[PDB]
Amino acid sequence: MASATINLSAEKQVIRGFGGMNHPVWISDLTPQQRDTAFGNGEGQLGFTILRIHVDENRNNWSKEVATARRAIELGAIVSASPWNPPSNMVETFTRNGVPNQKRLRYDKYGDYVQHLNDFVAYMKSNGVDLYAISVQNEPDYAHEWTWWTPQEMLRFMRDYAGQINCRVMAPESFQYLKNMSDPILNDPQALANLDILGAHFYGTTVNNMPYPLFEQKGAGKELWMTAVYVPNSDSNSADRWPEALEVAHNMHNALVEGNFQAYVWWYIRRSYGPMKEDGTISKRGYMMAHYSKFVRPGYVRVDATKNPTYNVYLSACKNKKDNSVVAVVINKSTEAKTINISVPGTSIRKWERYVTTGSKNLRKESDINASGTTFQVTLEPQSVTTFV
């Protein structure tokens, strides 16, 4: 039968966390109850540890972000903010690829834009929200409906201005993790020095485009965050569809194991295709996220483990360095049960608990696994995610 090895001595990326977006200008804010469902880690709560928000172009809208951002922080989360457009007096229009009236930040206003981002940072700080990071731009390379930045404009801002931002600087938030938006920053010593978090979105991003050798070479001291996605679609009322929801778990496994990502952040938290339904309950897509978010907590470290021990079975493992305990998340996308011997050499652990989601149950506690020495034999139900803790 199939075997996997978890190697607790081969440490990979430190986990920062998991979460999603609030946008109270475009859609309704989270309600009081929804804030707790998202950021609490009790029964029937998602255990999210990252909130993302927008930086409005009109400072008279900033007050609308405060209640949800404050609640998330109270429940243990960190908050990152991204702008879509500068204030209109800083914007000029230009023609891009033949399309007129497109927006870019006026070059002669780069310093004024820093002051706008800093004014947001200071406004949120005055209201009890200490931002973990602020982005230069949401999707500078997909800005048909907002503000475009070329790779060079992004680079010049990163090199010449981003040092003046009073927060961690996240860039470039390419819509698809396109390396042409980030390579210039990683290759310029001043820009790289001004960077703190390499942020990327995953819209259309394949497994082969998840590794990033340049970042493994140049990225020492920088974090690596996947700051927006929905998968496998944004279809109306799709969030409970099965086995489609297993794609959410698989995308997260891939982000962690193939991309070495430290954070994975959904789009709108509350939406008919999101982790929280419009009625405030958790969706099947939400339970997929929860198999990671509720158990792989911030500061756990991913470790090397057999990622794909048999066809349609995917394994990731994270270690809590406080006690060398292990959290393993195993996805079985097969329509048949799979029996695996999981070897964890040199562990003192002899018993694992397990929680299982299928099409018919959500995070169901099942019977404990007893090890024979350092080997744990596990049977995975068909079309399931199991978290072993």
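Quick note: we count residues from 1 along the sequence shown, nothing fancier.
- Comparing 102 to 110 with 124 to 132, the higher mean C-alpha B-factor in the PDB entry belongs to 124 to 132.
- The PDB entry records a higher mean C-alpha B factor for 217 to 225 than for its counterpart among 217 to 225 and 287 to 295.
- Of all the options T205, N166, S82, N312, the entry's greatest CA B-factor is assigned to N166.
- Across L46, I340, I53, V330, the entry's maximum B-factor at the CA atom is seen for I340.
- Annotation for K319: C-alpha temperature factor in the highest third relative to the rest of the modelled chain, per the entry.
- Placement of the Cα temperature factor of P232 within the chain: middle third of the modelled residues, per the deposited record.
- Per the PDB record, residue ranking by Cα B-factor puts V14 in the middle third of the chain.
- Per the PDB record, residue ranking by Cα B-factor puts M21 in the lowest third of the chain.
- Remark: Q383 belongs to the middle third of its chain, ranked by C-alpha B-factor as recorded.
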